[PDB]
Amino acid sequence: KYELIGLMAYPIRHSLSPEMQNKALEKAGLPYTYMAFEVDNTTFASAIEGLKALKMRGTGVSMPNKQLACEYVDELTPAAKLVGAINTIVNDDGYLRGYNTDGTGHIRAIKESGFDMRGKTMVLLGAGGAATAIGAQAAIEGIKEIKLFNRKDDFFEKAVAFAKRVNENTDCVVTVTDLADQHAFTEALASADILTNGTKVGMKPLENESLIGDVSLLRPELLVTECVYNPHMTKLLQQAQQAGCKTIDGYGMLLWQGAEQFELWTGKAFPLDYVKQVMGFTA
């Protein structure tokens, strides 16, 4: 009969994955049901037991389990090994494969727009789950250099370690700089082909903030990408659009991220345009 696909996260409040996945599955009439489960670090190992025992087809993974999940799969992709976090598990007859679709999804959205990131230079803001996933995938896709900026918080040392892993295991060049070093930021922005916000700046309670203070730094030839999807148009994207830049919003990454999970689980093509419409992703 139907096979189950889970989501293992805590809290699972208002995630868009259940609606996206069930709408897509129902569109093609596929024999799967996606359901979210409140699972945290203390219950994750037993949830995986459950995933194997019940013969679940797989599960999505979100906070606080993305790092822990790497230790519960039999095989990780090269990008997931650079990130040290996964958001997708596929159960192939008891053999678990882990993937990070946030990285591939963001890169796909960029590629769909017509931008070729091979040999380009990126200024990446942040060093959490979104930023590291994007940086890892960008490196694998042949981006020349990623100039990563992060403030002096808990993620700074994570950024340093992340850059070390990318520099030693890919041909990409990753640098890490304090967001407070304004001169270095301006210099990096000047050299950039793509600016990517992977921070929580732009999302509530930081919805009225942007890491760009001087819009003249936003040259029209600069591509600006955003991970934040609530609100749909962040302050940064508004600045970028007003400056005449091409942009890619959070829904781009979210949709493609989702498409990739769907395809790994079902082996069928994701009904992208349909999902985009039903989810109201186009303003």
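For every residue, the number given is its place in the sequence shown, counted from 1.
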### Message
Please compare 57-65 with 22-30 and say which has the higher mean C-alpha temperature factor in the record.
### Response
22-30
### Query
Taking the recorded C-alpha temperature factors, which stretch has the higher mean, 140-148 or 182-190?
182-190
### Query
According to the deposited entry, which of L51, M35, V39, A240 has the largest Cα B-factor?
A240
### Query
Which listed residue, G94, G84, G135, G198, has the largest C-alpha temperature factor in the record?
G94
### Query
Going by the entry, which third of its chain does the Cα temperature factor of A45 land in?
lowest
### Query
Comparing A79 with the other modelled residues of its chain, is its CA B-factor in the lowest, middle or highest third?
lowest
### Message
For the chain shown, is the CA B-factor of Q261 in the lowest, middle or highest third of its modelled residues?
### Response
lowest
### Query
So where's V275 on the chain's Cα temperature factor ranking, which third?
middle
### Query
What third of its chain's C-alpha B-factors does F155 belong to: lowest, middle or highest?
middle
